[PDB]
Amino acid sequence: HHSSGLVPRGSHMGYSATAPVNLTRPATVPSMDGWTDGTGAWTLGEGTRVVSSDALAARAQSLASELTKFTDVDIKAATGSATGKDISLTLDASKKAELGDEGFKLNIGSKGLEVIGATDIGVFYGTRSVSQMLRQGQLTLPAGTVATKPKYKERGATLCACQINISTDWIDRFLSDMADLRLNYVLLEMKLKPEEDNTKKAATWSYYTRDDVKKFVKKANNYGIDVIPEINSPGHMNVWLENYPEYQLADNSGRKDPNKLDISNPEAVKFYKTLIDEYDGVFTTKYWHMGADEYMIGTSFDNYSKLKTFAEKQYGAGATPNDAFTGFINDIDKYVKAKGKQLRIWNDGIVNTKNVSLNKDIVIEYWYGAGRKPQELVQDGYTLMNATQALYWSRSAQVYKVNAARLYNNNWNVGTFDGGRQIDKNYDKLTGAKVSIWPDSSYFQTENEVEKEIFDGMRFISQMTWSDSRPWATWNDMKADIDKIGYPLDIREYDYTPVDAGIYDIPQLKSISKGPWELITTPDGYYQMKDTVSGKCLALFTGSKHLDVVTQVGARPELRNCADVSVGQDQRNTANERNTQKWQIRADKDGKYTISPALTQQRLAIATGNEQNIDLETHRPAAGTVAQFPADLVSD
């Protein structure tokens, strides 16, 4: 008896007329439905290039570099003639009928692996499938051809980077993941740091700087992603009106809510419009999302008779508070249209009116199925996006955890509106669908834990919005392929934990302890820092909060009994002590390290006394002590 003789097949690079008939075709997400099988197969190998026109050079260079990393083969970009050993990129704008604005074709055969798109984004999206097919350990691909384009125009996520801050590094990863998945839509509820003297008191954290937004919008756009801002109004306004009580709506007894804009006050409405004009400069999108959810949550219009008075003055006798509410939406619509934008709102903004009618040119993003039902809005001719609660995650609300298995197995599609209410999935004004990623009480899960949790659901929505098919017999078959496919390169490369666990001197922390400090890593990519003097661990635990997270600029860290940072998000009873003890360490360009509270995403710094922020007007940490600050205030 001899051994098995097991040896690597080791196929020659390029095309082979020979291939086994049932050689695996590596899976992609979205699936590429209706593959026509050809004869033979193609092998990426030594000498394989990505060849394109000059105009596509950047795309080709980026793909070659990526494939060199995934495959361990030296893959270079080139122009001119392609050979069978090569991947070719072609932009053919005459193919819009076949491929539309985002679709692509693959031809794999004796000419090599051709990717054709009718647009730059179409070519890019084809390259995503090439990357997915070649990064699963198999470098031979069955020959044949396929053409694919998305069923729906808008495919993506709501990312509420709201009250709490989602780090710009997280956002960059998220955009890379969306691009891999051919998702082209992110509604970003967020604060752009307000700078002019009618709005500047609202520069409380979370915020994003202009430069930061410009940077991730540029990244998004290169990936084919429309980044739509949202400033929710006239409800959910606390982060904007806390410092502007003059714009808050008072109830009949005179009690103001920082969450409610007074839409009867024209200076309040101008404040909102001023924000829109500030955002105009850094987002490129042609849309504005004003929210309009949950204005009267926890209460009722009966408690705000001044809105009835206003309605009657503004929109005539018999007008109701719902009329005034809808009139504010229509006024914002008029405003943003004049800037070249289309308005979007949440469906719970569609209320029963009398004197005023909602403008039909506003996109309705449908999440709440107790309102006006989906089929009714179809009958009326509104433009609809499916933002079902079935596709929500919350850090704190366990009612909101997407169950991709259940949706896959129960036959959900993009026409399945909230509460399992079906409309015709071919409705000609159905734009698409999206998952939604909400922080709510934010200490239960770190952003890195959110990243791990959303993985499956992001693949699910990608599949259902592009392909609208279930080529895997069950969800578990899908799951196995999505896991083989894995994350895109940028996620695999991100240095979550750039320093080794060990003992460190940290001079920035001398106001807390002379140290040294013992650092250990956590499963979610953070550190716990134990002071070897006291035996306690560093926490960012105390200060003013939004969403139960310390948002206070200039809050100081403290030593607390060491929490167990090795456990997962199911340990909800200890979450706050645990997550307030997690620290993100980042390396500079080049080589210096910054320490950030994992939950806050501010940066530790030594306070100079010259940092300028509204929070620091009324409390400053002692000068020279260590405290957290937004990165922009400590960028010195």
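Between two forms, the rigid core is defined as the largest C-alpha subset superposing within 1.5 Å. Residue positions are given as counts along the sequence shown, with the first one as 1.
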| query | finding |
| --- | --- |
| Farther-lying stretch by C-alpha RMS in 5 other deposited structures of this protein (rigid core fit) among 363-371, 255-263 | 363-371 |
| Greater Cα displacement in 5 other deposited structures of this protein once the core is superposed, comparing 495-503 with 343-351 | 343-351 |
| Between the two ranges 6-14 and 611-619, the one averaging a larger CA B factor in the entry | 6-14 |
| Mean temperature factor over C-alpha atoms, higher-scoring stretch between 502-510 and 479-487 | 502-510 |
| Peak C-alpha temperature factor (PDB record), options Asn573, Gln581, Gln602, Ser53 | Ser53 |
| Maximum C-alpha temperature factor, selected from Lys151, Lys339, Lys193, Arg395 | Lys339 |
| Ranked C-alpha temperature factor of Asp361 among modelled chain residues, by third | middle |
| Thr24 by Cα B-factor - lowest, middle or highest third of the modelled chain | highest |
| Chain thirds of CA B-factor: placement of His236 | middle |
| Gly349, C-alpha B-factor rank within chain (lowest, middle or highest third) | highest |
| Lowest, middle or highest third - CA B-factor, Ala60 | middle |
